[PDB]
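As provided, model34.txt (compact mmCIF, C-alpha atoms and all ligand atoms) reads as follows.
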# COMPACT_ATOMS: atom_id res chain seq x y z
CA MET A 1 17.26 -34.99 -14.46
CA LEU A 2 15.75 -34.34 -11.02
CA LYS A 3 12.53 -36.37 -11.01
CA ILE A 4 9.88 -35.35 -8.49
CA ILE A 5 6.71 -37.43 -8.05
CA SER A 6 3.56 -36.28 -6.26
CA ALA A 7 1.11 -39.01 -5.28
CA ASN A 8 -1.97 -39.06 -3.13
CA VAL A 9 -1.73 -42.71 -2.13
CA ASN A 10 -5.20 -43.10 -0.61
CA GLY A 11 -3.70 -44.91 2.36
CA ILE A 12 -0.05 -45.87 2.25
CA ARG A 13 -0.74 -49.36 3.59
CA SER A 14 -3.25 -49.92 0.77
CA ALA A 15 -0.93 -48.45 -1.86
CA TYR A 16 1.88 -50.74 -0.74
CA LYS A 17 -0.43 -53.75 -1.35
CA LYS A 18 -0.90 -52.45 -4.93
CA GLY A 19 2.78 -52.09 -5.89
CA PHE A 20 3.50 -48.53 -4.88
CA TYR A 21 6.63 -49.50 -2.94
CA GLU A 22 8.23 -51.10 -5.99
CA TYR A 23 7.22 -48.10 -8.08
CA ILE A 24 9.07 -45.68 -5.80
CA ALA A 25 12.32 -47.38 -6.97
CA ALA A 26 11.28 -48.34 -10.53
CA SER A 27 10.16 -44.81 -11.28
CA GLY A 28 13.68 -43.46 -10.79
CA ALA A 29 12.29 -40.67 -8.60
CA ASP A 30 14.73 -38.54 -6.64
CA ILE A 31 11.95 -37.16 -4.43
CA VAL A 32 8.48 -38.61 -3.77
CA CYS A 33 5.86 -36.49 -2.05
CA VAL A 34 2.92 -38.50 -0.80
CA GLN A 35 -0.41 -37.48 0.60
CA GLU A 36 -3.04 -39.28 2.65
CA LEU A 37 -0.94 -41.78 4.56
CA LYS A 38 -4.07 -42.76 6.56
CA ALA A 39 -1.55 -43.89 9.17
CA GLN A 40 0.12 -42.58 12.30
CA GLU A 41 3.82 -43.09 13.00
CA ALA A 42 3.10 -46.26 15.00
CA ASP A 43 1.41 -47.77 11.92
CA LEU A 44 4.26 -47.10 9.50
CA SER A 45 6.59 -49.96 8.66
CA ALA A 46 10.29 -49.29 8.10
CA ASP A 47 9.67 -49.36 4.34
CA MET A 48 7.05 -46.59 4.73
CA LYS A 49 9.48 -44.40 6.69
CA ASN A 50 12.63 -45.00 4.63
CA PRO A 51 11.56 -46.68 1.42
CA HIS A 52 14.57 -48.20 -0.40
CA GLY A 53 16.82 -46.41 2.10
CA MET A 54 15.50 -42.99 1.19
CA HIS A 55 15.32 -40.28 3.81
CA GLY A 56 11.74 -39.77 4.96
CA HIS A 57 9.95 -37.01 6.82
CA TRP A 58 6.27 -37.05 7.61
CA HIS A 59 3.49 -35.23 9.41
CA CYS A 60 0.74 -37.54 10.64
CA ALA A 61 -2.73 -36.65 11.95
CA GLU A 62 -3.95 -36.98 15.54
CA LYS A 63 -7.05 -38.86 14.30
CA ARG A 64 -6.55 -42.55 13.40
CA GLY A 65 -6.52 -43.62 9.76
CA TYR A 66 -6.60 -40.07 8.50
CA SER A 67 -4.68 -37.71 6.26
CA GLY A 68 -0.89 -37.39 6.77
CA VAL A 69 1.82 -36.44 4.30
CA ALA A 70 5.43 -37.35 3.71
CA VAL A 71 8.46 -36.44 1.63
CA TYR A 72 10.92 -39.19 0.65
CA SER A 73 14.26 -38.30 -0.87
CA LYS A 74 17.40 -40.06 -2.00
CA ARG A 75 19.52 -37.23 -0.55
CA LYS A 76 19.46 -35.99 3.04
CA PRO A 77 17.63 -32.73 3.52
CA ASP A 78 19.61 -30.15 5.42
CA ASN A 79 16.47 -28.68 6.94
CA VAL A 80 12.94 -29.98 7.54
CA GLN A 81 9.75 -28.18 8.54
CA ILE A 82 6.98 -30.34 9.99
CA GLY A 83 3.66 -28.56 9.77
CA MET A 84 2.67 -24.95 9.10
CA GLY A 85 2.57 -23.80 12.75
CA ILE A 86 -1.22 -23.50 12.67
CA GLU A 87 -2.58 -25.91 15.24
CA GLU A 88 -6.01 -26.36 13.60
CA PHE A 89 -4.51 -27.70 10.38
CA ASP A 90 -1.36 -29.28 11.79
CA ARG A 91 -3.46 -31.62 13.95
CA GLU A 92 -4.49 -33.09 10.58
CA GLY A 93 -1.01 -33.76 9.11
CA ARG A 94 -1.13 -31.72 5.91
CA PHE A 95 2.28 -30.05 5.30
CA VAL A 96 5.94 -31.13 5.23
CA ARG A 97 8.80 -29.12 3.74
CA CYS A 98 12.27 -30.45 2.96
CA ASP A 99 15.21 -28.22 2.00
CA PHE A 100 18.25 -29.28 -0.03
CA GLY A 101 20.55 -26.30 -0.36
CA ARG A 102 18.47 -23.74 -2.26
CA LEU A 103 15.82 -26.30 -3.28
CA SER A 104 12.67 -26.82 -1.23
CA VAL A 105 10.02 -29.41 -1.86
CA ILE A 106 6.69 -29.53 -0.05
CA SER A 107 4.12 -32.26 0.26
CA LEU A 108 0.66 -30.70 0.75
CA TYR A 109 -2.73 -32.27 1.40
CA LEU A 110 -5.32 -29.51 1.11
CA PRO A 111 -8.62 -30.20 2.96
CA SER A 112 -11.53 -31.55 0.92
CA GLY A 113 -14.91 -29.84 1.26
CA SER A 114 -17.41 -32.21 -0.35
CA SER A 115 -18.27 -34.06 2.86
CA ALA A 116 -20.06 -31.23 4.66
CA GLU A 117 -20.34 -27.42 4.89
CA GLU A 118 -18.15 -27.43 8.03
CA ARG A 119 -15.35 -29.01 6.02
CA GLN A 120 -15.89 -26.61 3.10
CA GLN A 121 -15.41 -23.87 5.70
CA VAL A 122 -12.21 -25.50 7.00
CA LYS A 123 -11.07 -25.70 3.38
CA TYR A 124 -11.69 -21.98 2.84
CA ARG A 125 -9.93 -21.11 6.11
CA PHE A 126 -6.97 -23.24 4.93
CA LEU A 127 -6.86 -21.37 1.63
CA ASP A 128 -6.75 -18.06 3.49
CA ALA A 129 -4.00 -19.21 5.89
CA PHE A 130 -1.92 -20.83 3.18
CA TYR A 131 -2.01 -18.02 0.58
CA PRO A 132 0.29 -15.71 2.61
CA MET A 133 2.67 -18.66 3.10
CA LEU A 134 2.75 -19.16 -0.67
CA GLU A 135 3.44 -15.44 -1.05
CA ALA A 136 6.26 -15.51 1.49
CA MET A 137 7.70 -18.67 -0.06
CA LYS A 138 7.70 -17.05 -3.56
CA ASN A 139 9.53 -14.08 -2.08
CA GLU A 140 12.32 -16.22 -0.58
CA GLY A 141 14.01 -16.27 -4.01
CA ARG A 142 14.76 -19.98 -3.59
CA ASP A 143 13.76 -22.86 -5.86
CA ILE A 144 10.52 -24.37 -4.57
CA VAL A 145 8.15 -27.11 -5.69
CA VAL A 146 4.85 -27.36 -3.81
CA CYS A 147 3.58 -30.86 -4.60
CA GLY A 148 0.30 -32.31 -3.65
CA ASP A 149 -3.41 -32.73 -3.69
CA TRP A 150 -4.90 -29.25 -3.79
CA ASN A 151 -8.50 -30.52 -4.10
CA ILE A 152 -9.32 -27.80 -6.67
CA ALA A 153 -9.64 -28.06 -10.47
CA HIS A 154 -8.83 -24.69 -12.04
CA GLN A 155 -10.49 -24.45 -15.48
CA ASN A 156 -13.02 -26.37 -17.59
CA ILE A 157 -10.19 -28.34 -19.21
CA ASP A 158 -9.20 -29.67 -15.77
CA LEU A 159 -12.21 -31.97 -15.31
CA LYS A 160 -14.48 -34.17 -17.42
CA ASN A 161 -17.81 -32.81 -16.13
CA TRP A 162 -17.23 -29.11 -15.76
CA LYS A 163 -20.85 -28.38 -16.69
CA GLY A 164 -22.24 -30.30 -13.72
CA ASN A 165 -19.71 -29.57 -10.98
CA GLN A 166 -19.81 -25.78 -10.59
CA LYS A 167 -21.69 -26.06 -7.26
CA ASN A 168 -19.48 -28.87 -5.93
CA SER A 169 -16.36 -28.63 -3.80
CA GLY A 170 -13.35 -28.77 -6.07
CA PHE A 171 -14.85 -26.56 -8.77
CA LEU A 172 -16.57 -23.72 -6.90
CA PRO A 173 -16.05 -20.22 -8.32
CA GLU A 174 -14.25 -19.02 -5.18
CA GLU A 175 -11.91 -22.01 -5.23
CA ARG A 176 -11.03 -21.64 -8.91
CA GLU A 177 -10.42 -17.92 -8.36
CA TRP A 178 -8.08 -18.73 -5.49
CA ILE A 179 -5.94 -21.08 -7.64
CA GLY A 180 -5.95 -18.42 -10.35
CA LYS A 181 -4.54 -15.90 -7.87
CA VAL A 182 -1.81 -18.29 -6.73
CA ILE A 183 -0.77 -18.58 -10.39
CA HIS A 184 -1.37 -15.06 -11.76
CA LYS A 185 -1.09 -12.79 -8.71
CA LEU A 186 1.60 -14.60 -6.77
CA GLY A 187 3.37 -15.90 -9.90
CA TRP A 188 3.52 -19.62 -9.13
CA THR A 189 3.67 -21.88 -12.20
CA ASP A 190 1.18 -24.74 -12.55
CA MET A 191 3.79 -27.01 -14.04
CA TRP A 192 1.51 -29.42 -15.89
CA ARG A 193 -0.62 -26.73 -17.52
CA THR A 194 2.45 -24.73 -18.49
CA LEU A 195 4.21 -27.73 -20.05
CA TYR A 196 1.09 -29.03 -21.86
CA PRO A 197 -1.46 -26.23 -22.35
CA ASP A 198 -4.04 -28.40 -24.15
CA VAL A 199 -3.67 -31.72 -22.36
CA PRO A 200 -6.25 -32.23 -19.59
CA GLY A 201 -3.99 -34.30 -17.32
CA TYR A 202 -6.58 -35.67 -14.89
CA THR A 203 -5.07 -37.09 -11.70
CA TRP A 204 -8.16 -38.30 -9.78
CA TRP A 205 -11.24 -40.44 -10.43
CA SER A 206 -13.68 -41.39 -7.69
CA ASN A 207 -13.23 -45.15 -8.05
CA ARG A 208 -11.31 -47.70 -10.17
CA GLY A 209 -14.59 -48.95 -11.68
CA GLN A 210 -16.91 -46.98 -13.97
CA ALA A 211 -15.49 -43.61 -12.93
CA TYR A 212 -12.05 -44.60 -14.11
CA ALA A 213 -13.14 -46.66 -17.13
CA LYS A 214 -15.22 -43.73 -18.41
CA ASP A 215 -12.48 -41.20 -17.53
CA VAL A 216 -14.64 -39.06 -15.23
CA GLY A 217 -11.50 -37.38 -14.01
CA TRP A 218 -10.31 -34.25 -12.32
CA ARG A 219 -6.87 -32.64 -12.28
CA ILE A 220 -6.58 -31.79 -8.57
CA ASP A 221 -2.90 -32.75 -8.01
CA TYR A 222 -0.26 -30.18 -8.91
CA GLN A 223 3.37 -29.24 -8.84
CA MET A 224 3.40 -25.48 -8.26
CA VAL A 225 6.87 -24.13 -9.03
CA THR A 226 8.93 -20.92 -8.63
CA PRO A 227 9.94 -19.13 -11.87
CA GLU A 228 13.57 -20.11 -12.50
CA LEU A 229 12.98 -23.75 -11.66
CA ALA A 230 9.78 -23.80 -13.78
CA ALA A 231 11.96 -22.80 -16.77
CA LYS A 232 14.04 -25.93 -16.08
CA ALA A 233 11.09 -28.38 -16.35
CA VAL A 234 11.66 -30.64 -19.36
CA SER A 235 8.75 -33.08 -19.23
CA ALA A 236 5.95 -34.51 -17.15
CA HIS A 237 3.48 -37.37 -17.15
CA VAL A 238 0.56 -38.76 -15.21
CA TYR A 239 1.52 -42.34 -14.46
CA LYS A 240 -1.26 -44.78 -15.32
CA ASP A 241 0.47 -48.06 -16.25
CA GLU A 242 -0.40 -49.35 -12.77
CA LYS A 243 -3.10 -48.24 -10.34
CA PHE A 244 -2.12 -47.62 -6.70
CA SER A 245 -4.78 -45.26 -5.53
CA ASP A 246 -7.82 -43.27 -6.70
CA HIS A 247 -5.23 -40.70 -7.81
CA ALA A 248 -2.46 -41.19 -10.36
CA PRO A 249 1.14 -40.10 -9.63
CA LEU A 250 2.18 -36.80 -11.18
CA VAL A 251 5.78 -36.98 -12.37
CA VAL A 252 7.87 -33.96 -13.43
CA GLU A 253 11.48 -33.94 -14.62
CA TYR A 254 13.58 -30.82 -14.00
CA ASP A 255 17.00 -30.00 -15.46
CA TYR A 256 18.23 -29.09 -11.98
CA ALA A 257 20.51 -30.08 -9.12
CA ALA A 258 21.04 -28.51 -5.70
CA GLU A 259 24.83 -28.61 -6.11
MG MG B 1 -8.33 -40.72 -0.55

Would you write the structure of this file as structure tokens?
Ligand SMILES: [Mg+2]
Amino acid sequence: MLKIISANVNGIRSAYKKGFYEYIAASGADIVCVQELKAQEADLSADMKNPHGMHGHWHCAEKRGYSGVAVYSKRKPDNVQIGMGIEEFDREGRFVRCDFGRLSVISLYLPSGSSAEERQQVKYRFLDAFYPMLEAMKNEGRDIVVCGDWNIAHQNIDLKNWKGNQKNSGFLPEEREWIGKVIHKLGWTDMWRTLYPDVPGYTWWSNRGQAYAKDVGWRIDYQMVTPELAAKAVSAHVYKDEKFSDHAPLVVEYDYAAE
């Protein structure tokens, strides 16, 4: 099967100290989309550019130690898009797209809003700029997986403390509505929720201490998929046998090849 892994690595240099490099190979992944490199190109070792000889494409931020995304693939993409073409967001290294024939896979790091109202506003402006891109992408008629950290939990099932987080970034009414539109208006499939309707599937906890031990989790990482490819998804899991990051890798297996 085609195995695609989405992982917010909370700093690729940190994740590599915790075994993430070995996992890229051991996992059997064909494509690994990572978010939050916290590294510029000058900081990336050869094994962070082309892990295990994979092809790698990345978009780093202008600020040091910040953001950045990458897509690693066993096969060579025939086309690569670095950034969205919106300067404000592209300066932060948040979007890479790799094409393999009629398959496209994206690594997306959606802005977080919990730090300050200014950043919640950036987050909302990102949502408004990205929605028409999602619409256009859906209308391409190609097979597309948008992997990444969307920084929004959709429904009560998607986080442990839904009662106490309705005024906090990640579970605001406007944010949840926006994800709902991406699914129900645009017709993207939330692959995890479609595969396993009743299984929470948290992918983030604020630390590896109490927050993790007590499973105070949120499902904020997704694979959003086009219709025909969604029908080819056979299984998924949140990988928790090792801990590389404050997020867990989201792994989906598709009965699909680009040739
Ligand atoms: Mg982080």

Point-to-point distance in Å for atom CA of residue 67 of chain A and atom CA of residue 9 of chain A: 10.2 Å

Nearby polymer residues, ligand MG 1 (chain B), at most 7 Å, all atoms listed in the file, as a ChimeraX atom specification: /A:10-11,36,246

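In this structure, atom CA of residue 120 of chain A sits 19.1 Å away from atom CA of residue 35 of chain A.
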
Could you give me, as a tab-separated table, every segment 98-163 of chain A residue with an atom at most 8 Å from segment 182-190 of chain A, plus its closest atom pair and distance in Å to one decimal, counting all atoms listed in the file, rows ordered by chain then number?
residue	atom	partner	partner_atom	distance
A:131	CA	A:182	CA	7.3
A:134	CA	A:182	CA	7.6
A:135	CA	A:186	CA	6.1
A:138	CA	A:186	CA	7.3

Residue contacts of residue 230 of chain A (12 Å, only C-alpha atoms) excluding same-chain residues fewer than 6 positions away, as a PyMOL selection string: chain A and resi 142-146+187-195+223-224+236+252-256

Within 12 Å of file point (-5.3, -29.8, -18.9), counting all atoms listed in the file, expressed as a ChimeraX atom specification: /A:153-160,190-203,217-222,237-238

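Counting from atom CA of residue 122 of chain A, the distance to atom CA of residue 8 of chain A is 19.8 Å.
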
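Closest to residue 58 of chain A among A:94, A:45, A:258, A:88 is A:94, based on all atoms listed in the file.
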
Selected residue, from A:259, A:213, A:208, A:152, that lies nearest to residue 244 of chain A when counting only C-alpha atoms: A:208

Exercise on segment 48-53 of chain A, axis-aligned box with 4 Å per side, report centre and edge lengths in Å to one decimal, as JSON:
{"center_x": 11.9, "center_y": -46.3, "center_z": 3.1, "size_x": 17.8, "size_y": 11.8, "size_z": 15.1}

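For the residues A:95, A:124, A:150, A:23, ranking by smallest atom-to-atom distance to residue 174 of chain A using all atoms listed in the file places A:124 first.
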
Contact residues around residue 27 of chain A with all atoms listed in the file at 10 Å, ignoring same-chain residues under 2 positions, as a ChimeraX atom specification: /A:3-5,20,22-25,29-30,32,239,251

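If you measure from each of A:14, A:149, A:56, A:2 to residue 235 of chain A using all atoms listed in the file, the closest one turns out to be A:2.
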
Residue nearest residue 48 of chain A - candidates A:161, A:90, A:12, A:19, atoms counted: all atoms listed in the file: A:12

Nearest to residue 43 of chain A, chosen from A:113, A:93, A:65, A:77, with all atoms listed in the file counted in the distances: A:65
